[PDB]
Amino acid sequence: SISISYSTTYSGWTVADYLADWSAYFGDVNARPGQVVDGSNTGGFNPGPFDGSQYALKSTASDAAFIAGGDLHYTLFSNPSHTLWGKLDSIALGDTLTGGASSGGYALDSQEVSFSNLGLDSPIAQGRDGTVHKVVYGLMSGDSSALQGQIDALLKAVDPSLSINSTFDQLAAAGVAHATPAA
Amino acid sequence: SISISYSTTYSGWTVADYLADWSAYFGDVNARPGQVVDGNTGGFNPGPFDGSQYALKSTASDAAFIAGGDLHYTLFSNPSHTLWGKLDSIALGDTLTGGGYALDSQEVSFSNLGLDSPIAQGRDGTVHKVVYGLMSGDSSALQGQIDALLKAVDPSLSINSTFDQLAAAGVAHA
Ligand code: HEM
Ligand code: HEM
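Structure below.
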């Protein structure tokens with residue numbers, strides 16, 4: 002079953018509302034006035050260059066960032082071309098990337114929400130139609146819609162009364178989610 | 002002015018014939034005799051989307067290149083998917099190492119290219135055309151720029167000059 006961590010900052014938010022906010026912030030720092038854009042320009046595969054246990058990317062319009070964790074592979078020009086595939090265990094969303102292979106992995110300076118124990122696995126044979134590819138490809142431009150669809154399905158699998166319209170508070174009460182430090 | 006280094010293997014080759022051979026080999030390992038594919043490696047240094055180098059190896063063979071300068075890739079920023087900035091050098095050879107990046111077998115390098123494309127030109131920039139072409143082993147854009155630079159030293163020089171002739175003209179070095 003999916004497990005979720007959320008910053009205390011977002012306790013009262015629905016998952017959908019949170020994802021819309023992260024996506025808006027990825028598109029424009031001014032969706033969160035008061036923020037600065039000064040994160041290191043870092044990211045990629047860990048260890049890379051085209052495979053790793055993490056793939057991480059930061060916006061260049063803001064410090065919004067994600068980290069995909071699992072056992073991931075990118076085909077580049079090999080068939081099926083431009084496919085990210087493998088096992089996707091977690092998606093963590095927040096602000097500012099730090100780290101990399103040389104310091105124990107990528108991290109977020111502020112982790113806002115992390116969706117873990119996802120159990121997603123896309124074989125190479127599915128190419129760009131794989132769920133892993135669609136989720137991560139969306140996030141590279143700040144589009145959380147594919148991620149949102151998967152989170153909704155995974156929550157409903159726990160209990161059909163849970164959904165992306167549940168608040169993090171409600172998911173905690175249901176035993177799926179727990180709070181982490183302020184963002 | 003442009004400066005060229007070349008393996009003596011290509012002393013009597015013309016620049017155009019060498020580029021055609023590297024491109025052919027980028028496309029098919031069988032394009033050269035007795036070669037084996039055994040080198042995916044490359045990217046920006048430092049990256050992820052900007053660097054003093056961008057390097058890539060073929061998937062069909064170990065043919066590879068390294069672009070050197072002050073390079074930027076826009077990803078989704080307008081104009082989207084544009085590689086721009088200053089391109090000072092292109093090195094061509096076989097098999098990538100490192101990540106600065108280097109070639110196991112460096113065959114030819116073209117340096118002091120003096121190319122500079124602003125972001126506003128988007129994918130029409132010369133830098134973009136040169137490097138993007140080489141990502142699929144297409145050396146035509148590179149070749150046209152080399153030809154212009156050679157003629158700027160002297161109109162009698164060209165991509166149909168041999169490397170030895172360019173050495174005699176003070177532009178190339180074995
Ligand atoms: C890791 C470093 C990466 C590099 C160097 C890279 C490189 C490229 C290049 C050069 C192209 C253009 C190909 C062309 O038309 O000439 C491309 C296209 C594409 N890339 Fe990647 N990419 C990377 C990562 C990713 C990741 C992680 C994803 C997905 C999660 C992705 C998804 C795609 C897609 C979907 C296309 C368009 C395919 C099409 O519609 O033809 N890329 N990439
Ligand atoms: C540095 C890592 C790179 C990544 C992560 C990357 C990623 C991508 C992605 C995801 C797309 C598809 C866009 C979409 O479907 O909305 C794309 C397309 C493209 N990429 Fe990149 N790319 C990289 C490097 C490069 C480089 C270095 C060049 C040029 C030298 C390049 C040239 C292109 C071009 C021209 C397209 C559009 C292809 C088309 O629509 O025909 N890419 N890239």
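Protein sequences, first through last, are from chains A and B. Note that PDB author numbering has the first sequence beginning at 2, numbered continuously upward. Numbers 2 to 40, 42 to 101, 106 to 180, taken from PDB author numbering, label the letters of the second sequence in order. In this text, a Cβ means the ideal position worked out from N, Cα and C, and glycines have one as well.
A straight line joining the alpha-carbon of B/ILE165 with that of B/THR15 spans about 7 Å. For B/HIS83, the shortest separation between its Cβ and any heavy atom of ligand 2 lies below 6 Å. At a cut-off of 7 Å, the C-beta of A/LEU77 has a neighbouring C-beta in chain B.
Short of 6 Å from the beta carbon of B/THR99, and not among the five residues preceding or following it, lie these beta carbons of its own chain, in chain order: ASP110.
A residue is called buried once 16 or more other Cβ atoms fall within 10 Å of its Cβ, and A/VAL137 is buried on that count. Per DSSP, the unbroken alpha helix (DSSP H) holding B/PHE27 starts and ends at 16-28. Pairing A/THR10 with A/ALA147 gives a Cβ-Cβ distance that is not under 7 Å. Shortest Cα-Cα distance from B/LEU121 to any of B/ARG129, B/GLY128, B/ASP72 and B/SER162 involves B/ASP72. Counting of Cβ neighbours within 10 angstroms places B/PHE27 among the buried residues, the total reaching 16 or more. The Cβ-Cβ distance between B/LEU94 and B/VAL114 falls below 7 Å. In this structure, DSSP gives A/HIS134 a helical state, which the three-state scheme calls helix. Put simply, the backbone Cα of B/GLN36 is about 42 Å away from that of A/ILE92. Taking B/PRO34 as reference, the option from B/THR43, B/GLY45, B/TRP23 and B/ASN42 with the minimal CA-CA separation is B/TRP23. Annotation note: the segment 127-180 of chain B contains the following uninterrupted alpha helix (DSSP H) runs of length 4 or greater, listed N- to C-terminal: 132-141, 146-159 and 169-174. Exposure of B/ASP160 is indicated by the presence of fewer than 16 other C-beta atoms within 10 angstroms of its C-beta.
Excluding its 5 nearest sequence neighbours in each direction, B/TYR75 has C-beta neighbours in its own chain below 6 Å: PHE51 and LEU85, listed in chain order. DSSP lists no bridge partner for B/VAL37. Residue contact with chain B for A/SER142: present (Cβ-Cβ distance below 7 Å to some residue of chain B). In the displayed model, B/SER4 falls within a strand according to three-state DSSP. Residues of chain A with a Cβ closer than 7 Å to the Cβ of B/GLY100 do not exist, since the nearest Cβ in that chain sits about 11 Å away.
With contacts defined as CB atoms closer than 7 Å, B/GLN149 and B/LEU20 qualify as a contacting pair. Around the beta-carbon of A/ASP64, 16 or more other beta-carbon atoms lie within 10 Å, marking it buried. At a beta-carbon threshold of 7 Å, the residues of chain B lying near A/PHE51 are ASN42, ordered along the chain. Note: B/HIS74 is bridge-paired with B/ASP52 and B/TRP86 in the DSSP secondary-structure output.
Judged by beta-carbon spacing, B/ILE68 lies beyond the 7 Å limit of B/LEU172, meaning their Cβ atoms are not closer than that value.
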